[PDB]
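Undergrad: Following this message is one structure expressed as structure tokens.
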Amino acid sequence: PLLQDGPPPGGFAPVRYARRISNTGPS
Amino acid sequence: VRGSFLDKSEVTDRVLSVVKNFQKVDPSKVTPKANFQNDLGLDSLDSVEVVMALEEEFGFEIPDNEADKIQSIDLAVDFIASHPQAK
Amino acid sequence: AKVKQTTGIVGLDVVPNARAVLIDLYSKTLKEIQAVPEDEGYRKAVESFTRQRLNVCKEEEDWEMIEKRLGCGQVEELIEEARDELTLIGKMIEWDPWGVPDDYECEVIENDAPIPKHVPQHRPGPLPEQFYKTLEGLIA
Amino acid sequence: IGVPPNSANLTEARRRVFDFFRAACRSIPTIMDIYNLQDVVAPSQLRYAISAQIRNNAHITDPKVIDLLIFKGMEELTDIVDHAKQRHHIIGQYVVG
Amino acid sequence: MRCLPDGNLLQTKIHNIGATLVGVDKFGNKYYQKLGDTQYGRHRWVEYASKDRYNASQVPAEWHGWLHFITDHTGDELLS
Amino acid sequence: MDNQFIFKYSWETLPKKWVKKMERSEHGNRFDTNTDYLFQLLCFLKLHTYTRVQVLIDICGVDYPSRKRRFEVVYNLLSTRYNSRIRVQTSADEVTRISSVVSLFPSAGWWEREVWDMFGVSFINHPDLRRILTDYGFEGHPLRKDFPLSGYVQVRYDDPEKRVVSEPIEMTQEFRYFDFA
Amino acid sequence: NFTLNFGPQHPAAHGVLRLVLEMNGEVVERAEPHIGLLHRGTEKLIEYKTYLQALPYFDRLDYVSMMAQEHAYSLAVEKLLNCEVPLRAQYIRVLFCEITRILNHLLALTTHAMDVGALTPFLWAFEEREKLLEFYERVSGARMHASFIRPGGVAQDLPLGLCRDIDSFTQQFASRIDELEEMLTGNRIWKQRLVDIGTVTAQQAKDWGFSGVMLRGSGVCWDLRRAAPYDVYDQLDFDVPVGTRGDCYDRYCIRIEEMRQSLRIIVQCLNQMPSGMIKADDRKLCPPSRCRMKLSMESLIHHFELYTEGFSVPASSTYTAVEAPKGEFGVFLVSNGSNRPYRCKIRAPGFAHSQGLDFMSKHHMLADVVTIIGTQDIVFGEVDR
Amino acid sequence: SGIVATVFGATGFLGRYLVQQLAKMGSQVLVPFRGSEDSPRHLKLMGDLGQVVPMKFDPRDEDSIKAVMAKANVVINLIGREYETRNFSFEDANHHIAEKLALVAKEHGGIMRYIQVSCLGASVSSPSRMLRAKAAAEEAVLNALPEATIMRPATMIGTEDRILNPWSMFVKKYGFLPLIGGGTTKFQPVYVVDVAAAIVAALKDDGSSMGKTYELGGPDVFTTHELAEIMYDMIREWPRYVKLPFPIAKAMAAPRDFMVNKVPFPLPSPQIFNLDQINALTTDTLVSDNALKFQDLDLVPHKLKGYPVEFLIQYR
Amino acid sequence: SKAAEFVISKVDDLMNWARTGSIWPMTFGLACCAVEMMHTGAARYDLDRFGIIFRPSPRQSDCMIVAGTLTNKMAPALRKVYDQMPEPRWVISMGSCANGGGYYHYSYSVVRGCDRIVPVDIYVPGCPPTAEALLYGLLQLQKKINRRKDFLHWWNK
Amino acid sequence: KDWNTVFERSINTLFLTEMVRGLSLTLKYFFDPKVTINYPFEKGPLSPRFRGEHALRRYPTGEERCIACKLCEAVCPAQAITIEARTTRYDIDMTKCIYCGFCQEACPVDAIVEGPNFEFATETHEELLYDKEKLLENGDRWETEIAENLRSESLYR
Ligand SMILES: NC(=O)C1=CN([C@@H]2O[C@H](COP(=O)(O)OP(=O)(O)OC[C@H]3O[C@@H](n4cnc5c(N)ncnc54)[C@H](OP(=O)(O)O)[C@@H]3O)[C@@H](O)[C@H]2O)C=CC1
Ligand SMILES: CCCCCCCCCCCC(=O)SCCNC(=O)CCNC(=O)[C@H](O)C(C)(C)COP(=O)(O)O
Ligand code: SF4
Ligand code: SF4
Ligand code: SF4
């Protein structure tokens with residue numbers, strides 16, 4: 001009918017796509 | 001003692017038999033001097049056939065730039081009778 | 001004026017004397033193209049863009065200015081194109097394809113069936129002004 | 001090595017025919033070994049079959065047709081030798097034995 | 001005692017601990033659910049009546065959709 | 001570099017005897033040439049500063065049985081330099097060899113082998129021209145219109161010979177041709 | 001030189017891969033692929049099909065990137081028909097194309113990694129692959145060969161709730177990419193297996209018809225989504241990663257980055273997805289609704305016509321290409337005015353890439369051959385057709 | 001063809017060639033097997049979908065037999081065994097089953113053609129007990145079915161034969177080949193494919209083969225020493241024949257025959273030192289001049305050298 | 001024989017249990033069906049957990065999965081690999097292409113079903129069959145293996 | 001370049017510092033829950049659109065829905081449907097079929113459908129040659145689920 005699958009009002013929450021750093025290690 | 005060339009008489013008999021029993025050569029024109037084309041009723045394809053038969057019977061390959069001169073039995077026997085690769 | 005460290009293109013070495021190389025290649029080209037008949041469009045096209053590029057190279061001493069004014073890639077790619085044009089000029093002297101045959105016929109078709117906006121379409125954008133000057137000089 | 005241009009006339013085409021026939025005949029012992037034919041058929045019958053195939057097309061007068069026939073013969077010989085598909089009484093397209 | 005040789009059945013018995021009985025079909029197969037979130041909240045499974053010689057084709061049509069998350073209707077609601 | 005500039009500039013600059021037909025259309029710019037000028041035309045387009053057609057995208061044959069030269073060989077090319085595509089076509093028959101362009105585009109090697117396999121068109125100066133897709137010892141050229149869809153032979157294991165063997169085809173249920181025209 | 005005949009009769013290395021290598025010790029002198037082991041006569045079969053019946057052949061060419069080939073064929077047919085696709089369908093097409101790109105890159109990267117001995121990333125990545133297969137199945141009813149993208153748009157509209165689940169997937173996919181990277185990117189063994197292996201210059205890539213990652217690895221900025229955009233790609237933000245060394249390591253990094261950019265594109269498609277029709281409204285080329293066909297004569301007639309004879313395509317010919325996950329995938333379509341394609345030539349990037357194996361593998365070790373094959377991303381369904 | 005053939009004993013040597021040839025002529029072939037379902041697996045590839053149908057039966061059970069025979073108009077029996085097991089004697093395997101099959105075919109009523117396969121040396125006055133049982137079975141089938149056809153092939157040669165393969169195995173494992181009778185017995189060995197072709201031809205005729213026995217021998221007559229030489233030319237090995245006189249060979253073949261019907265567990269089958277076959281080696285087994293040869297079936301048998309012995313390549 | 005049959009049946013049950021619990025397939029990954037087969041071996045379905053381990057050499061294999069289209073060019077390679085498999089051995093035909101030629105049935109280059117080249121024990125339908133469908137097919141193979149009575153048939157032979 | 005950076009590079013190379021992170025995050029997954037499905041007690045998710053085993057349907061009165069229009073036979077990309085005619089013969093070769101669902105789209109009376117079953121592997125090729133009676137049995141067996149799925153999917157098609 002008149003209802004189609006789509007984003008909610010305001011759109012979806014932002015998503016990260018870039019690599020995250022990790023400074024783990026005594027070195 | 002060990003030699004390096006087949007005997008002339010042996011090569012003569014071998015080539016004579018090969019030509020005699022070939023396909024279209026009645027064993028009556030086959031002389032040790034008979035020419036393939038003029039005297040044996042053989043076309044160029046058949047003469048190439050006979051020369052290739054000479055290769056199998058003596059177990060070695062005759063150069064393409066040398067087979068053009070083997071046109072009779074005498075030239076043949078001259079060639080194989082002195083070639084060291086002949087067996 | 002700063003030396004280029006990379007072209008960013010694998011196998012395309014930096015040419016630090018690109019101005020002199022380009023000037024020599026273009027002068028060689030403007031000499032060797034004279035073996036082609038003057039009436040042939042190939043000769044006029046080559047002379048046109050080769051002379052424009054040669055003038056730009058002669059005027060500008062900094063290769064960055066040459067790349068900027070030309071609108072045509074790094075000086076290394078401009079060198080590749082100049083060498084290829086020289087090679088082509090040699091093959092064309094040897095082929096001698098010039099002139100028009102006696103019973104020469106040629107069918108032109110300008111098919112105008114439209115295509116949808118959404119299907120893949122190459123839209124490069126306008127060329128540097130010298131391309132259009134070359135084309136209009138060829139037509140006239 | 002590369003595919004040669006088309007024969008300009010019947011003489012050079014005939015020369016290519018003779019070269020192909022020599023190459024085909026010289027490969028007979030390899031074929032006899034590969035297909036184990038020692039007790040099935042004589043090598044001369046193979047030579048005779050090749051020559052008969054050459055003779056059945058002796059009426060061709062167009063050098064381009066001859067060149068194409070030679071190319072196809074070379075491909076068939078190569079597949080027979082390099083990529084043999086053993087049956088029993090059959091090599092490629094010829095009934096052997 | 002089937003748990004000792006049949007490790008596949010053992011996993012079902014373990015994961016049945018704390019489960020909710022949803023229904024039983026005409027063959028006696030029992031249907032359980034958890035209402036948690038481990039396999040993205042997919043916690044439906046069937047305990048076959050035959051503890052040996054069980055086979056996936058023994059799930060009847062009314063329960064097949066429920067088992068495969070095709071529908072939220074159990075076999076009983078479909079039959080009614 | 002748009003298709004109007006390519007059409008006009010190629011008319012102005014190419015030697016006239018190379019091109020028999022020039023089409024400008026949203027379906028693609030198209031140049032038709034005799035077989036004897038195909039190599040030189042492609043070399044020109046690749047080398048010339050204002051074309052720089054560096055990528056050979058593919059070569060394919062098309063069969064037209066109603067034509068004296070039944071085969072049409074199509075060269076699809078790309079200029080990454082100018083973000084443009086060009087199509088160059090020539091016709092051929094069953095016995096006339098045409099020039100290979102491997103020395104111009106190394107990518108042509110396999111596409112030419114494919115044309116020979118599928119259609120039977122041969123290529124002069126091709127370094128290694130043999131079939132590439134069909135089974136070894138295949139007979140015929142399957143993409144010709146007169147070649148039957150199921151071919152002529154099929155294979156099966158033959159226990160008495162202990163090997164896979166080829167026999168003339170036998171179809172349990174024949175292909176049904178539905179003519180909706 | 002000795003000759004090693006390598007055919008892996010298992011999907012560890014393709015499955016129909018057959019290589020004749022000439023070696024000088026462990027050094028490869030010449031690599032000669034033998035192909036046609038999956039040649040199934042697709043191009044001949046297509047000529048006997050209507051344009052709709054031909055569509056499933058394209059799912060089975062690069063059968064890891066199903067919807068991309070569907071998309072290319074639909075685009076070619078749309079181009080010859082001059083058919084206008086609705087915007088919502090355009091967005092769905094691009095969304096599924098980028099899901100497919102992620103599906104392809106995960107498989108390619110982790111099968112290569114397993115080939116060089118890293119076992120775990122394969123399992124990790126294939127779970128994410130399973131989630132994406134579920135979106136394929138929810139829209140089409142098939143995990144792989146959806147036949148969902150069609151001339152004029154898409155077969156059916158999205159089921160309610162699908163966009164939300166896709167958003168949930170996108171919220172976590174970056175961490176999965178990061179895990180794959182930490183497993184591989186910085187590891188000294190991984191670098192030793194890939195750095196300076198299979199180096200390709202830009203000139204070589206152009207000469208051998210390379211495309212996609214195989215071309216961008218050599219520093220050539222070229223992506224058909226930007227050079228010759230289609231559907232809604234010009235409304236979307238994404239970067240085109242390019243290499244600087246032209247080796248296997250650069251191409252691996254490019255594929256990782258391409259997955260990140262695909263995630264970006266998917267997020268944008270989800271947020272910009274409009275309402276409206278998913279099929280072109282021209283009533284001579286698209287199926288009517290089930291209720292319309294059961295209620296209206298014109299609709300019934302059109303349904304009968306469409307599913308028996310299929311639509312006609314006016315006589316013409318064109319080449320259409322898209323940026324498939326493996327590179328430029330093209331279709332040369334010839335129409336004669338009838339309801340069946342007169343000729344359909346399929347241009348597969350793997351055909352060019354595998355032809356390049358000889359020059360790429362020259363003077364490398366035996367164990368580098370599988371690495372080079374993996375960086376090429378060969379699927380023989382498209383190589384052989 | 002509209003022939004539906006139930007071929008008993010088709011899981012052995014001759015069976016595969018016979019089933020292949022029957023499927024070529026379009027006949028539907030039913031293949032009764034007594035043990036593992038994997039025994040007829042190699043026959044399923046032959047013929048089109050549904051054309052070859054393996055079916056479990058039991059020999060010592062009349063119901064199963066008529067069950068596998070209930071749909072056929074042609075019955076071919078190949079069942080036999082050249083050695084003994086504690087469960088089946090020579091007469092049990094080579095005479096009782098054949099008579100039972102003939103009786104069931106008589107009570108069936110619909111069997112147009114019945115083919116019983118025997119051995120060439122089958123006679124009442126034979127040293128070999130298997131040959132004696134074979135002759136008895138011939139008589140029993142003929143009495144139960146006077147219109148039945150009898151085939152008497154010689155020692156058959158092929159990929160799975162039980163003469164050249166055991167010889168090659170023994171030679172490759174020991175280095176020498178024994179000769180049981182000084183290598184002098186004569187026999188005319190025959191290509192197994194020719195035997196299958198003769199059976200097919202007798203099934204195909206206008207009815208002339210009914211009631212008659214055919215003696216199918218190979219084109220040529222050899223000594224066991226002469227055959228051992230084809231094996232050595234083909235296996236590319238250095239021959240080394242050792243004369244084993246008959247009493248010594250019988251001594252080495254006595255233990256199995258002795259303890260086969262006493263110990264309660266199965267024994268391995270004999271390869272070379274089978275007592276019954278050694279007894280058969282005492283006399284020469286040749287095709288009689290008054291019999292019906294491959295001629296009168298319009299067939300020319302194949303010579304052994306080359307293709308019939310090509311399977312010996314595997315031993316080099 | 002009231003005691004021998006019981007021991008024989010127990011021996012056969014042990015043999016069948018061993019052979020069903022350790023099935024080592026070699027995969028003939030020809031086309032798209034190989035991808036679903038890869039998914040079956042992956043974490044969600046985990047063929048390892050049933051004792052199914054995929055082997056590289058036919059010499060260590062008990063089962064051959066034919067997953068994909070078989071061309072005429074490939075058929076000899078498939079048959080030779082099958083002939084290197086030691087007994088007992090089974091063949092699973094996966095997908096329409098392997099089953100009967102599928103979408104390519106009428107092609108000039110395709111074998112119309114792998115059962116023209118090798119004997120097939122189980123046919124798994126679909127194009128491609130789902131990973132779960134392949135797992136169901138492998139459970140059917142177990143069912144077939146569990147009807148074997150090798151020890152009993154040999155005792156009576 | 002500098003003694004500190006050279007020393008740090010040397011220590012990182014000697015102490016395999018970057019190899020530690022891979023070990024650590026491999027170990028982290030060791031304790032997390034597993035994603036494996038306990039087939040056949042547990043199954044993977046499917047949708048009402050899933051294209052599985054075809055089936056022929058009847059009206060609630062018991063009358064067949066199919067009226068032998070032959071549209072499904074015409075559209076079938078694999079030519080797997082054979083019809084004679086109400087039908088007197090309706091065959092689907094399950095080994096030719098590509099499970100595309102075109103036949104279900106073409107049918108004007110919802111007679112032929114691809115139902116939800118995917119577990120129908122067989123031991124013989126002939127059992128995969130479905131005739132009309134077998135398809136009608138499938139329809140009777142799966143009718144309730146098929147009808148539910150059709151109710152769900154009628155809002156999209
Ligand atoms: N050299 C030769 O081979 C010669 C053989 N013959 C005869 O020709 C016939 C076919 O020969 P060939 O194929 O080599 O024979 P094989 O021994 O190879 O095959 C015998 C067949 O009979 C079956 N069989 C044996 N004993 C029994 C039994 N007690 N109950 C049921 N079935 C049984 C076997 O079944 P299973 O596999 O289940 O054990 C098998 O199918 C036999 O009658 C043989 O004696 C004639 C002359 C020479
Ligand atoms: C096992 C085998 C493997 C290889 C099989 C290869 C099979 C190849 C089949 C095709 C071969 C051809 O026809 S190759 C083409 C052959 N056709 C011609 O040569 C036509 C011109 N005719 C002539 O030259 C003369 O008639 C001629 C008698 C030939 C000689 O000349 P002479 O009269 O002055 O002797
Ligand atoms: S059956 Fe279908 S999925 Fe499997 S290989 Fe064939 S076309 Fe691909
Ligand atoms: S699913 Fe597709 S291929 Fe199979 S019968 Fe239906 S329409 Fe034909
Ligand atoms: S389309 Fe539907 S009504 Fe027509 S023949 Fe097929 S199943 Fe029957």
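By convention here, the chains of the structure tokens are called A, B, ... in the order presented, each chain's residues are numbered starting at 1, and ligands are numbered starting at 1 in the order presented.
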Taking only C-alpha atoms into account, which residues of chain I are within 7 Å of chain G, as JSON, numbers by chain?

TA: {"I": [27, 28, 29, 30, 31, 32, 34, 42, 43, 44, 71, 73, 74, 104, 107, 108, 109, 110]}

Undergrad: Which chains and residue numbers are within 10 Å of ligand 5, counting only C-alpha atoms and all ligand atoms, if I want them as number ranges by chain?

TA: G: 304, 307; J: 55-57, 64-76, 81-87, 90, 102-113

Undergrad: Name all residues at most 8 Å from region 14-22 of chain A (count only C-alpha atoms; drop same-chain ones fewer than 4 positions away) and give them as a PyMOL selection string.

TA: chain G and resi 170-171+173-174+178+260-261+263-264+267

Undergrad: List all protein, DNA and RNA residues that have any atom at most 9 Å from ligand 1, counting only C-alpha atoms and all ligand atoms, and write the list as an MDAnalysis selection string.

TA: (chainID H and resid 8:16 32:36 39:40 57:60 77:82 85 87:89 92:94 97 116:122 130:131 134 151:157 160:163 189:190 192) or (chainID I and resid 153 157)

Undergrad: So that I have them on file, write out the residues from the current selection with C-alpha atoms, as a PDB file, in the first residue's frame.

TA:
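Output saved as result.pdb:
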```
ATOM      1  CA  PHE H   8      21.663 -62.973 -13.080  1.00  0.00           C
ATOM      2  CA  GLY H   9      25.338 -62.817 -12.082  1.00  0.00           C
ATOM      3  CA  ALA H  10      25.928 -59.445 -13.757  1.00  0.00           C
ATOM      4  CA  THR H  11      28.159 -58.112 -10.945  1.00  0.00           C
ATOM      5  CA  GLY H  12      31.139 -60.215 -12.046  1.00  0.00           C
ATOM      6  CA  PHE H  13      33.609 -60.032 -14.911  1.00  0.00           C
ATOM      7  CA  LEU H  14      31.439 -60.679 -17.985  1.00  0.00           C
ATOM      8  CA  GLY H  15      28.407 -58.915 -16.529  1.00  0.00           C
ATOM      9  CA  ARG H  16      29.576 -55.342 -17.054  1.00  0.00           C
ATOM     10  CA  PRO H  32      19.678 -58.946  -9.291  1.00  0.00           C
ATOM     11  CA  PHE H  33      22.493 -58.709  -6.681  1.00  0.00           C
ATOM     12  CA  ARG H  34      22.855 -60.772  -3.433  1.00  0.00           C
ATOM     13  CA  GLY H  35      24.997 -58.637  -1.155  1.00  0.00           C
ATOM     14  CA  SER H  36      26.130 -55.037  -0.822  1.00  0.00           C
ATOM     15  CA  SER H  39      28.230 -54.342  -5.993  1.00  0.00           C
ATOM     16  CA  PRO H  40      26.024 -53.165  -8.980  1.00  0.00           C
ATOM     17  CA  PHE H  57      17.404 -60.894  -4.329  1.00  0.00           C
ATOM     18  CA  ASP H  58      18.544 -64.045  -2.471  1.00  0.00           C
ATOM     19  CA  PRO H  59      19.806 -67.158  -4.313  1.00  0.00           C
ATOM     20  CA  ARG H  60      18.447 -69.673  -1.752  1.00  0.00           C
ATOM     21  CA  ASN H  77      22.198 -66.488 -16.247  1.00  0.00           C
ATOM     22  CA  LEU H  78      25.899 -65.811 -15.639  1.00  0.00           C
ATOM     23  CA  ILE H  79      26.127 -67.235 -12.100  1.00  0.00           C
ATOM     24  CA  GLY H  80      29.054 -69.451 -11.345  1.00  0.00           C
ATOM     25  CA  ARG H  81      32.221 -69.771  -9.326  1.00  0.00           C
ATOM     26  CA  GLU H  82      35.512 -71.510 -10.054  1.00  0.00           C
ATOM     27  CA  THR H  85      33.268 -71.571  -0.153  1.00  0.00           C
ATOM     28  CA  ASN H  87      28.451 -71.868   2.111  1.00  0.00           C
ATOM     29  CA  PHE H  88      28.340 -72.795  -1.587  1.00  0.00           C
ATOM     30  CA  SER H  89      29.836 -75.928  -3.109  1.00  0.00           C
ATOM     31  CA  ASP H  92      25.511 -75.507  -5.316  1.00  0.00           C
ATOM     32  CA  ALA H  93      26.955 -72.508  -7.160  1.00  0.00           C
ATOM     33  CA  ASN H  94      27.172 -74.004 -10.657  1.00  0.00           C
ATOM     34  CA  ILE H  97      21.039 -72.096  -8.740  1.00  0.00           C
ATOM     35  CA  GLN H 116      22.591 -69.943 -19.800  1.00  0.00           C
ATOM     36  CA  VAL H 117      26.343 -69.278 -19.849  1.00  0.00           C
ATOM     37  CA  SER H 118      28.558 -72.329 -19.328  1.00  0.00           C
ATOM     38  CA  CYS H 119      32.251 -73.161 -19.748  1.00  0.00           C
ATOM     39  CA  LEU H 120      33.949 -74.620 -22.821  1.00  0.00           C
ATOM     40  CA  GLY H 121      35.283 -77.739 -21.101  1.00  0.00           C
ATOM     41  CA  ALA H 122      31.953 -78.539 -19.437  1.00  0.00           C
ATOM     42  CA  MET H 130      33.204 -77.214 -11.544  1.00  0.00           C
ATOM     43  CA  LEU H 131      33.098 -78.353 -15.179  1.00  0.00           C
ATOM     44  CA  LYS H 134      28.501 -77.023 -15.370  1.00  0.00           C
ATOM     45  CA  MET H 151      27.085 -70.446 -24.424  1.00  0.00           C
ATOM     46  CA  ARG H 152      30.460 -72.085 -23.758  1.00  0.00           C
ATOM     47  CA  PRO H 153      33.164 -69.407 -23.809  1.00  0.00           C
ATOM     48  CA  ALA H 154      36.783 -70.315 -23.229  1.00  0.00           C
ATOM     49  CA  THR H 155      38.992 -68.587 -20.587  1.00  0.00           C
ATOM     50  CA  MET H 156      38.006 -64.903 -20.991  1.00  0.00           C
ATOM     51  CA  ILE H 157      40.546 -62.080 -21.235  1.00  0.00           C
ATOM     52  CA  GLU H 160      39.102 -57.891 -14.684  1.00  0.00           C
ATOM     53  CA  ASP H 161      40.059 -61.388 -15.832  1.00  0.00           C
ATOM     54  CA  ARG H 162      41.252 -64.039 -13.391  1.00  0.00           C
ATOM     55  CA  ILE H 163      44.192 -65.392 -15.427  1.00  0.00           C
ATOM     56  CA  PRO H 189      41.429 -67.717 -24.718  1.00  0.00           C
ATOM     57  CA  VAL H 190      38.705 -65.200 -25.853  1.00  0.00           C
ATOM     58  CA  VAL H 192      35.321 -60.925 -22.962  1.00  0.00           C
TER      59      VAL H 192
ATOM     60  CA  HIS I 153      27.428 -60.085   3.224  1.00  0.00           C
ATOM     61  CA  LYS I 157      29.872 -65.100   0.405  1.00  0.00           C
TER      62      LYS I 157
END
```

Undergrad: At a cut-off of 12 Å, can you tabulate as JSON lines every residue of chain D near chain F together with its closest atom pair and the distance in Å to one decimal, using only C-alpha atoms and ordering rows by chain then number?

TA:
```
{"residue": "D:1", "atom": "CA", "partner": "F:127", "partner_atom": "CA", "distance": 6.1}
{"residue": "D:2", "atom": "CA", "partner": "F:127", "partner_atom": "CA", "distance": 4.2}
{"residue": "D:3", "atom": "CA", "partner": "F:125", "partner_atom": "CA", "distance": 4.7}
{"residue": "D:4", "atom": "CA", "partner": "F:124", "partner_atom": "CA", "distance": 5.7}
{"residue": "D:5", "atom": "CA", "partner": "F:124", "partner_atom": "CA", "distance": 5.6}
{"residue": "D:6", "atom": "CA", "partner": "F:97", "partner_atom": "CA", "distance": 6.8}
{"residue": "D:7", "atom": "CA", "partner": "F:97", "partner_atom": "CA", "distance": 10.5}
{"residue": "D:62", "atom": "CA", "partner": "F:95", "partner_atom": "CA", "distance": 9.7}
{"residue": "D:63", "atom": "CA", "partner": "F:95", "partner_atom": "CA", "distance": 9.5}
{"residue": "D:64", "atom": "CA", "partner": "F:95", "partner_atom": "CA", "distance": 5.8}
{"residue": "D:65", "atom": "CA", "partner": "F:95", "partner_atom": "CA", "distance": 6.1}
{"residue": "D:66", "atom": "CA", "partner": "F:95", "partner_atom": "CA", "distance": 9.2}
{"residue": "D:67", "atom": "CA", "partner": "F:95", "partner_atom": "CA", "distance": 8.3}
{"residue": "D:68", "atom": "CA", "partner": "F:95", "partner_atom": "CA", "distance": 6.4}
{"residue": "D:69", "atom": "CA", "partner": "F:95", "partner_atom": "CA", "distance": 9.5}
{"residue": "D:70", "atom": "CA", "partner": "F:95", "partner_atom": "CA", "distance": 11.7}
{"residue": "D:71", "atom": "CA", "partner": "F:122", "partner_atom": "CA", "distance": 9.3}
{"residue": "D:72", "atom": "CA", "partner": "F:139", "partner_atom": "CA", "distance": 9.6}
{"residue": "D:73", "atom": "CA", "partner": "F:137", "partner_atom": "CA", "distance": 10.9}
{"residue": "D:74", "atom": "CA", "partner": "F:130", "partner_atom": "CA", "distance": 9.9}
{"residue": "D:75", "atom": "CA", "partner": "F:130", "partner_atom": "CA", "distance": 7.1}
{"residue": "D:76", "atom": "CA", "partner": "F:137", "partner_atom": "CA", "distance": 6.3}
{"residue": "D:77", "atom": "CA", "partner": "F:137", "partner_atom": "CA", "distance": 9.2}
{"residue": "D:78", "atom": "CA", "partner": "F:137", "partner_atom": "CA", "distance": 8.9}
{"residue": "D:79", "atom": "CA", "partner": "F:137", "partner_atom": "CA", "distance": 5.6}
{"residue": "D:80", "atom": "CA", "partner": "F:137", "partner_atom": "CA", "distance": 7.5}
{"residue": "D:81", "atom": "CA", "partner": "F:137", "partner_atom": "CA", "distance": 10.6}
{"residue": "D:82", "atom": "CA", "partner": "F:136", "partner_atom": "CA", "distance": 9.5}
{"residue": "D:83", "atom": "CA", "partner": "F:136", "partner_atom": "CA", "distance": 6.7}
{"residue": "D:84", "atom": "CA", "partner": "F:136", "partner_atom": "CA", "distance": 8.6}
{"residue": "D:85", "atom": "CA", "partner": "F:165", "partner_atom": "CA", "distance": 7.8}
{"residue": "D:86", "atom": "CA", "partner": "F:165", "partner_atom": "CA", "distance": 8.3}
{"residue": "D:87", "atom": "CA", "partner": "F:165", "partner_atom": "CA", "distance": 7.0}
{"residue": "D:88", "atom": "CA", "partner": "F:161", "partner_atom": "CA", "distance": 7.8}
{"residue": "D:89", "atom": "CA", "partner": "F:161", "partner_atom": "CA", "distance": 11.3}
{"residue": "D:90", "atom": "CA", "partner": "F:165", "partner_atom": "CA", "distance": 10.9}
{"residue": "D:91", "atom": "CA", "partner": "F:137", "partner_atom": "CA", "distance": 10.7}
{"residue": "D:92", "atom": "CA", "partner": "F:137", "partner_atom": "CA", "distance": 7.3}
{"residue": "D:93", "atom": "CA", "partner": "F:137", "partner_atom": "CA", "distance": 9.2}
```
